[PDB]
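In what follows, a single structure is set out as structure tokens and then discussed.
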Amino acid sequence: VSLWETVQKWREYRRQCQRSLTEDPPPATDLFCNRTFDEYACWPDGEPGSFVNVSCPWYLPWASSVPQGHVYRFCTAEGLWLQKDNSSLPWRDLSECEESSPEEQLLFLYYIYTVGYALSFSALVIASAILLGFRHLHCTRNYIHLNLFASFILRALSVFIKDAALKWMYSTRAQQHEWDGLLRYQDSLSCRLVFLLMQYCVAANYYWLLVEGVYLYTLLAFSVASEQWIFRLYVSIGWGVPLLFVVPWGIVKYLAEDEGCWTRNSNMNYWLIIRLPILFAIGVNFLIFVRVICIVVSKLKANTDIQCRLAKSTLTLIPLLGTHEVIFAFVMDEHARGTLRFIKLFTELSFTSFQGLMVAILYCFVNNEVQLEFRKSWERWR
Ligand SMILES: CCn1cncc1Cn1c(CN2CCC(c3cccc(OCc4ccc(F)cc4F)n3)CC2)nc2ccc(C(=O)O)cc21
């Protein structure tokens, strides 16, 4: 319950009052004013000499708390409606149907996670720059990791492009009804493609964690890897599978639902075609995590010194897979959208923004080999 539903209800109110002012009863003679709409009340015909203590529109966030809204207008029998004393603009009133920290939460945490994505995009690109050819010791595990990084890269890129092109950060307190372009931006020109893009990227970012888990498995249990054929399969299912079930989602929406950036509702629950396989991939990665922790804790049974050392391993493994995401998927989900959806999803996206940093710093900056690169190349420079 916030300004978002207010914009929506206002759009429906305009939708209705427009057809009303269209097909309202016509009068006989000109001694009665015209019918207009001033972004604040669909002003129909009225007799001069008097105001009309009509209810100020119901779309107001406080209207639900006031049946006694009353906005007036004095159609001058000698002409138009009223203008203020000595002014030239048309006169109105709000005397009675006017109105902590309601939603500042939203903007604060928006900044809180954009800082995090910024850090992650800074770190992962350097991690990748290391592993391109400069280390020049790049096995197939290195190749899979180097290609995993691109997932986080594109995810952060998409989030940034989305927040930018929406330009929503600074209109959050648009008190005055200048909502024309806002709805005019929710037309099928951009919101469509940009949102589909952010969806495809955030899906590929889970499938790549999945294929990474699969490769960690088929190297450890199946014991075989025929040729480069296995990698030709893996990178193929990397950026190919997520594209398989989002373009159908487009086939659904573009011809199925008219104006309105769909924002996950058509009052028929159409939002499964994308999110179901995401939960699928999360489940797969989670099971793989369990099996790998079992394998490791077995192989460690050699030689009270177990757990204390097991932690330094399982903490390294969490960001590698997506084992963090399962908790959010277990707490944030809800069968309905709304402001609660945005708030919860953004808290998720805040605590999630950081695990771009963690992977980069744990799998290219702290192992023995990465440090050994510098430890040996300083010994050639100076
Ligand atoms: C990009 C799709 N999208 C496009 N239009 C909305 C969304 C919803 N949406 C957004 C962007 N949202 C923008 C409104 C913001 C907001 C909150 C409450 C009041 C308010 O008032 C100010 C407000 C009023 C009008 C306006 F034109 C913008 C305005 F900002 N603005 C909140 C963020 N990011 C998303 C990520 C994931 C999902 C998903 O469904 O998975 C949905 C997401």
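Counting begins at 1 with the first residue displayed.
Here the Cβ of each residue, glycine as well, is placed from N, Cα and C on the backbone.
Summarising the annotation, Swiss-Prot assigns disulfide bond to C17-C42 (among others). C17 (disulfide bond) carries a helical DSSP state (H, G or I). For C17 (disulfide bond), the number of other Cβ atoms no farther than 10 Å from its own Cβ, over all displayed protein chains, is 18.
Around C33 (disulfide bond), the same-chain residues at least 6 positions away in sequence with a Cβ under 8 Å from its Cβ are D45, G46, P48, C75, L80, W81. Per Swiss-Prot, disulfide bond is recorded for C33-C75 (among others).
Residues or ranges marked as N-linked glycosylation site in Swiss-Prot (evidence: experimental evidence): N34 (among others). Proximity of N34 (N-linked glycosylation site) to non-local residues of its own chain (separation of 6 or more, Cβ distance below 8 Å) is seen for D45, given in sequence order.
Residues or ranges marked as N-linked glycosylation site in Swiss-Prot: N53 (among others). Secondary structure at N53 (N-linked glycosylation site), taken from DSSP and collapsed to helix, strand or coil, is coil.
According to Swiss-Prot, the feature disulfide bond maps to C56-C97 (among others). Of all Cβ atoms in the protein chains displayed, 23 besides its own lie within 10 Å of the Cβ of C56 (disulfide bond).
Remark: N86 (N-linked glycosylation site) has no non-local neighbours by Cβ distance under 8 Å and separation of at least 6 in sequence. In this structure, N86 (N-linked glycosylation site) belongs to neither helix nor strand by DSSP; it is coil. Feature annotation from Swiss-Prot assigns N-linked glycosylation site to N86 (among others).
Taken from Swiss-Prot, the feature site 'Interaction with the endogenous ligand GLP-1' covers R92 (among others), and the record attributes it to experimental evidence. Sequence-distant neighbours of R92 (site 'Interaction with the endogenous ligand GLP-1') (same chain, 6+ apart, CB under 8 A from its CB) are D38, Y40, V71, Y72, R73.
The site 'Interaction with the endogenous ligand GLP-1' feature in Swiss-Prot is assigned to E99 (among others). Within 10 Å of the C-beta of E99 (site 'Interaction with the endogenous ligand GLP-1') there are 7 other C-beta atoms, taking all protein chains into account.
Residue counts for the topological domain 'Cytoplasmic' (130-140) by DSSP state, with H, G and I taken as helix and E and B as strand, are 2 helix, 0 strand, 9 coil. Residues or ranges marked as topological domain 'Cytoplasmic' in Swiss-Prot: 130-140.
Residues or ranges marked as transmembrane segment in Swiss-Prot: 141-166 (among others).
In the shown protein chains, 18 other C-beta atoms lie within 10 A of the C-beta of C191 (disulfide bond). Reduced to three states, the DSSP call for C191 (disulfide bond) is helix. Swiss-Prot lists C191-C261 (among others) with the feature disulfide bond, giving experimental evidence as the kind of evidence.
Taken from Swiss-Prot, the feature transmembrane segment applies to 193-216 (among others).
Annotation source Swiss-Prot lists transmembrane segment at 231-255 (among others). Counting only same-chain residues 6+ beyond the ends of the transmembrane segment (231-255), those with a CB under 8 A from a CB of the stretch are 140, 143-144, 147, 188, 192, 196, 199-200, 203-204, 206-208, 211, 214-215, 262, 270, 273-274, 277.
Tertiary proximity for the transmembrane segment (271-293) is limited to same-chain residues at least six positions away from its ends with a CB under 8 Å from its CB atoms, namely 199, 203, 206-207, 209-210, 213-214, 216-217, 220, 241-242, 245-246, 248-249, 252, 264-265, 314, 317, 321-323, 325-326, 329. Marked as transmembrane segment by Swiss-Prot on the basis of experimental evidence: 271-293 (among others).
As annotated by Swiss-Prot, ADP-ribosylarginine applies to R309, with the evidence given as experimental evidence. DSSP gives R309 (ADP-ribosylarginine) a helix state.
As annotated by Swiss-Prot, transmembrane segment applies to 310-331 (among others), with the evidence given as experimental evidence. Residues 206, 209, 212-213, 279, 282, 285-286, 288-289, 292-293, 296-297, 300, 344, 348, 351-352, 355, 358-359, 362-363 of the same chain, all 6+ positions outside the transmembrane segment (310-331), place their C-beta atoms under 8 angstroms from a C-beta of that stretch.
Ligand 1 lies within reach of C261 from the recorded positions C17, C75, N86, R92, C261, judged by a C-beta closer than 6 angstroms to any of its atoms. Remote same-chain partners of the topological domain 'Cytoplasmic' (130-140), defined as residues 6 or more beyond its termini with a Cβ less than 8 Å from a stretch Cβ, comprise 146, 231, 364, 369-370, 373. Away from its own ends, the transmembrane segment (141-166) comes close to residues 110, 114, 117, 120-121, 124-125, 127-128, 131-132, 185, 190-191, 194-195, 197-198, 201-202, 204-205, 208-209, 211-212, 215, 219, 231, 234-235, 238, 349, 356, 359-360, 363-364 of its chain (Cβ-Cβ under 8 Å, at least six residues beyond either end).
4 residues between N303 and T304 have no modelled coordinates; the flanking Cα atoms are 13 Å apart.
Counting every protein chain shown, 19 other Cβ atoms lie within 10 Å of the Cβ of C42 (disulfide bond).
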